[PDB]
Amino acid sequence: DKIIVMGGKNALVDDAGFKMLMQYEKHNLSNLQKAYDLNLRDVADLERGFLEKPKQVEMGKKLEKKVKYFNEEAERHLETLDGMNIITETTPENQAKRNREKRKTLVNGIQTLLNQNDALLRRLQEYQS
C-alpha cells in the first residue's frame, strides 16, 4: 500500500497510512482499557486489607507506579492522534501548469545535455582511434 511518516512530533499519513495507524491506535486503546481494568481491580483489593500492612504499602507503590506509567502512555498516544495530518500525493503529469512548466524546463534542459554529451563521447572515442 503506502505512506506513513512520523518524526516523533507531527505525522504525515495518506489514506492507507491513516487506516493503518487507526488500526494500531484502536488496538493500543484496547490494551489501555485492559491495563486500566487490572489496576482498578488490584486497587480495589489492596483497599480491602488482606493481611501484612508492609506488603500492602509495597503493593500500592507498584500500583501507583503503574497508574502513572499508564497516564504517560495514554497522553503520548493522544498526542499522536492530534498531530496526524492526512496527505494526498499528486503525480508530475497531474500537477499545476506552473509546476509542470518548471519541471519541463529542467527535464528538457537535462535531456538536451544527454544528447550533447552523447555526441561528445562519440567525438572523443572517434578521434582517439
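Numbers for residues come from their place in the sequence shown, where the first is 1.
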- Item | Residue range whose averaged C-alpha B-factor is higher in the record, 42 to 50 or 63 to 71 | 42 to 50
- Would you determine, from the values in the PDB entry, which of 26 to 34 and 54 to 62 has the greater average C-alpha temperature factor? 54 to 62
- Per the PDB entry, maximal CA B factor within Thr105, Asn117, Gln111, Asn10: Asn10
- Select lowest, middle or highest to describe the third in which the CA B-factor of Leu124 falls within its chain in this entry. highest
